[PDB]
Amino acid sequence: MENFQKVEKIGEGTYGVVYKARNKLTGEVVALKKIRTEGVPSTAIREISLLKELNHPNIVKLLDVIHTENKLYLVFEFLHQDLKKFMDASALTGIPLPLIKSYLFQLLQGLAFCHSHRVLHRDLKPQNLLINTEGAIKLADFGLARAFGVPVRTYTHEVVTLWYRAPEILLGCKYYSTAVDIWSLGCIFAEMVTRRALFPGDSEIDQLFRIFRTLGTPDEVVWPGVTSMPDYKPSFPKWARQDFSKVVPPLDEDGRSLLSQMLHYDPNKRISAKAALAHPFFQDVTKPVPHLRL
Ligand SMILES: CC(C)(C)Nc1nc(C(F)(F)F)nc2ccc(-c3cccc(N)c3)cc12
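Reading the values: rules and limits
Residues numbered from 1 in each chain as written, not as in the entry; some residues may be left out. Heavy atoms only, no water. Pairing = 2+ DSSP bridges. Helix = DSSP H or I, 4+ residues; strand = E, 2+ residues; numbered from the N terminus. Contact = heavy atoms within 4.5 Å. Axes fitted to C-alpha atoms, helices over the stretch in contact; angles between N-to-C directions. Near = heavy atom within 4 Å. Polar contact = N/O pair within 3.5 Å; in protein donor to acceptor, adjacent residues only side chain to side chain. Areas by Shrake-Rupley, 256 points an atom, 1.4 Å probe, with all protein chains shown as cover. 1 Å grid on protein atoms, 1.4 Å probe; cavity = no way out; pocket = protein on both sides within 12 Å on 5 of 7 lines; lining within 4 Å. Sits in = over half its atoms within 2 Å of the grid points. Nonpolar A, V, L, I, M, F, W, Y, C, P; charged D, E, K, R; others polar. Domains from an automatic or database assignment.

Method of structure determination, per the deposited record: X-ray crystallography was used for this entry, reaching 2.00 Å resolution.

As annotated in the PDB entry, the chain is Cell division protein kinase 2 from Homo sapiens. This entry appears in the Protein Data Bank under the title "Human cyclin dependent kinase 2 (CDK2) complexed with DIN-234325".

Structure, rendered in structure tokens:
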């Protein structure tokens, strides 16, 4: 597009590159995503257009959609970094606990807002949570995820990650719920306290068996229905559930209560965003600022 000085490339999305740009109309700085090519479908457009009205402090704002002859451009507010890089920088340290539960609390607000309008994200992961220098964190690629996608390669042939994918999706359910995003957020929570990914699978069945080694192989008592799932196999090994105080040391007890409720197998039993926001863990939630290099 012509009203946009492209300043810097700042990434490979699942759908396209992202540039930092200046809007030469308004003088604003912007993240410009440039998606696909021919010929982009009606339904993608109609869906994505109306994301312009899904606004909240913790969703990154979608400023405009441009469809031109024949790519899609999405232009977003600009945030200076993502969670994965901040975790890598905080490696010897760990993000402080106050800042962990601040971020978790904000994401959990952003999620409750989306789920009250029945939109799922469904591909939540550290690199599409975006942070600023004032201490906010925001959900990016909301609704894109399942307007186009999710491919197992991106447009760069990059493998998309499995690490945060809920088990009902791995077991081949078509009609999953907002509980999907709660599973993912819980994996990310554990990765912040431990500084290590919780379930770093490198295929679907590896991913799936890594969950089983830690939470036990699921059955009909803990999850009614499991046994009927498309990709369930009688022949799955049966591991026993691990004691939860070694999975996420040294979270305190309120942190492990919350985590395990976000990681229940049965997606009807795991906790909602709304309900999570009432959990005792957030009794003393602060608002830390990351101070940050930029
Ligand atoms: C597509 C993907 C979600 C992977 N990434 C990003 N998407 C968008 C958005 F606004 F276009 F969504 N804006 C972004 C803004 C900044 C960054 C960014 C910039 C510098 C360092 C790191 N680690 C991430 C990544 C972004």
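Visitor: Would you mind showing me how to read the sheet that holds strand 7 (residues 129-131) here?
Guide: Sheets are built from strands paired through backbone hydrogen bonds, the pairs being either parallel or antiparallel. Ordered by their spatial adjacency, three strands build an open sheet running 6-7-8, and the pairing between neighbours is antiparallel. The open sheet has two free edges, formed respectively by strand 6 (81-82) and strand 8 (137-139), since each of these has just one partner strand. Alignment of strand 7 against strand 8, held across three bridges, turns out to be antiparallel. Residue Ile131 lies in a different strand from strand 8, and its bridge partner there is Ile137. Across the sheet, helix 3 (residues 97-116) touches strand 7 and strand 8, and the angle it forms with strand 8 is around 35 degrees.

Visitor: Looking at this model, I keep getting lost on the site of the ligand. Mind explaining?
Guide: Neighbouring the ligand are 14 residues, the closest being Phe76, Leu79, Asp82, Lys85 and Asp141. One of the side-chain nitrogen or oxygen atoms of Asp82 is found 3.2 Å away from a nitrogen atom of the ligand. Within the complex, 84% of the 570 Å² of free accessible area of the ligand lies under protein. The site holding the ligand turns out to be the largest pocket. Of the residues assigned to the shell around the ligand, the class counts are seven nonpolar, three polar and four charged. Formed jointly, the shell around the ligand draws a minimum of three residues from each of two domains, domain 1 (1-80) and domain 2 (81-292).

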